[PDB]
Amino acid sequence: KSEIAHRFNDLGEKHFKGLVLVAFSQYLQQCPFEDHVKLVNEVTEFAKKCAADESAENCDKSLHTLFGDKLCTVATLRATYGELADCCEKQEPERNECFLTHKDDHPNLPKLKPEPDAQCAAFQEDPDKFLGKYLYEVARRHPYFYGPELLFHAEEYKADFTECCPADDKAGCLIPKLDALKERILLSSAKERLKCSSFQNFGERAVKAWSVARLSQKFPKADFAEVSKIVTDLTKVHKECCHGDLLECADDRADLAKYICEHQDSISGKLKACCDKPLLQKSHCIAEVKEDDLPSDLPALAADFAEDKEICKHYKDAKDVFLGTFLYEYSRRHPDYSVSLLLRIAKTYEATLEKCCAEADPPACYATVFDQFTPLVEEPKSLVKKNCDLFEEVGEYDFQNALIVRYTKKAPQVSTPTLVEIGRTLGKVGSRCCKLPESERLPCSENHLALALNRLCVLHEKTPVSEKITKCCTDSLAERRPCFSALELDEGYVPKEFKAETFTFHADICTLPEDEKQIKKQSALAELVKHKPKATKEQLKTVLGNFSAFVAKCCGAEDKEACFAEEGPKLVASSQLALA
């Protein structure tokens, strides 16, 4: 009868309101908080009426119809969102699609800087309004953020203020917590956004393949039936969440967690800790669970995948099940491979069968199929080792610098703030991944790389500037990283005209916290490359060293600006001689 009543009944009022606030903030990213609150309360009032009498008027409409109808009542819709008032002319599902298109991946809203006294005050004042605020602020900023996980993060955010606002050192307790939390949020947003990008750009089959490979590594004791089931269900959850159907998404998510925990003994022994937990923590723990130990009864794969004489008939009869089975088997025994690598191995298996089966004696041809995986494996392994050796030698900041230069050369048309952001993110990947046990570094690195590359691709959809990026971003999901790695200096690139101001620092840099100081220097680095694209990485490092020395000296001077004004312009000119 009434979907809205059904979801209201299933989720309860608290989770329902939270999810509806999230969905509205993601769809209308510029509205003030107070106004979204009103819309939520009205939707929720309706849901309560409907739960009382489902026969009642309009109780029978779709969620998207009801929710889209609300969004369309917003005051100043045409002033604030010029592009969205046309959407309101349309019916479902055409209206939702239109809303989905308008979501803004880089709204560029002010940075959320933890102010512990002003926030503790607001929290003590009204914790409900304060937590609502956190849902709204994050959601607007990350419009494909995994809705139910955001509620989870609100619990953490609430726990942080609960523990820290009474403390002796309130800023000392709190600032490191909110910083860790923000890192976790950024990572989670990027993961989810890759899933939504994958549905958008490559389709559900790609998402399923990704998930089969990843879940098989996580749950290598599970049989293919159980993996298939989980994948099918998990794919439907994320498809709903990526489509804006957050209530349906959350409900289906809760059903999957329930299933997983009832079957935990045949899925993974690491799930025991997760299943002993309240609802949102449970789902979160499942989503993040570590990989189980390999069972001792993993089957040898040659017999079915390389030696069987009827492989060409099985491949032809049920490609999807046969290849899926291959992917499940190979992935469960390879937690030391990245997901994308496993997908490349699966595509190579597929292509080898295609080739061998259109041939005189196929079996003598596909006998050696596993041997074709070797180079796919060895190349990223040596890339990771080389990158991690560099990180360990130079540290995060200089590793970031190296990546900035690398990516600026590959795509000098991209805006400096984007290049800096991706290079900085890539350096953080190094900090995360390079210190792991050595068998974990390839999957950690490549998997996280995929998140950063996807960010760049998402931004480029919004603001296209390079055909080379478009091609890497759209050709093949599993080949994206290798495609980016293979990019070299864009040789058709005309060096950006020199503007001395870009390289000209002033005493204002001296008051910045370290990370913002680095960003300024990294921005100037990216600009050096744009103006001198053939400068070598070693020249660039020297010049950047000369700039950092100059900044540090002038920042410690008696008269900071006189220092910057005297010495700056010499450095700016001589630095150009030191490049290309």
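When you see a residue number, it is the position in the sequence shown, counting from 1. Rigid core here is just the name for the largest C-alpha set that superposes within 1.5 Å across the two forms.
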query	finding
Stretch with greater C-alpha deviation in 6 other deposited structures of this protein, 545-553 versus 60-68 (rigid core superposition)	545-553
Larger mean CA deviation from the shown form in 6 other deposited structures of this protein [core fit; 70-78 vs 474-482]	70-78
Entry-level comparison of average CA B-factors, 25-33 and 524-532, reporting the higher stretch	25-33
Given 102-110 and 460-468, the range whose Cα B-factors average higher in the PDB entry	102-110
Out of 383, 171, 452, 346, residue topping the C-alpha B-factor column of the entry	171
Residue with maximal Cα B-factor (values as given in the PDB entry) among 128, 446, 291, 233	128
Residue 116 - Cα temperature factor, lowest/middle/highest third of chain	highest
Third of the chain, ranked by Cα B-factor, where residue 320 sits	highest
Third assignment of residue 248 from its chain's C-alpha B-factors	middle
Lowest, middle or highest third - CA B-factor, residue 366	middle
Residue 238 by Cα B-factor - lowest, middle or highest third of the modelled chain	lowest
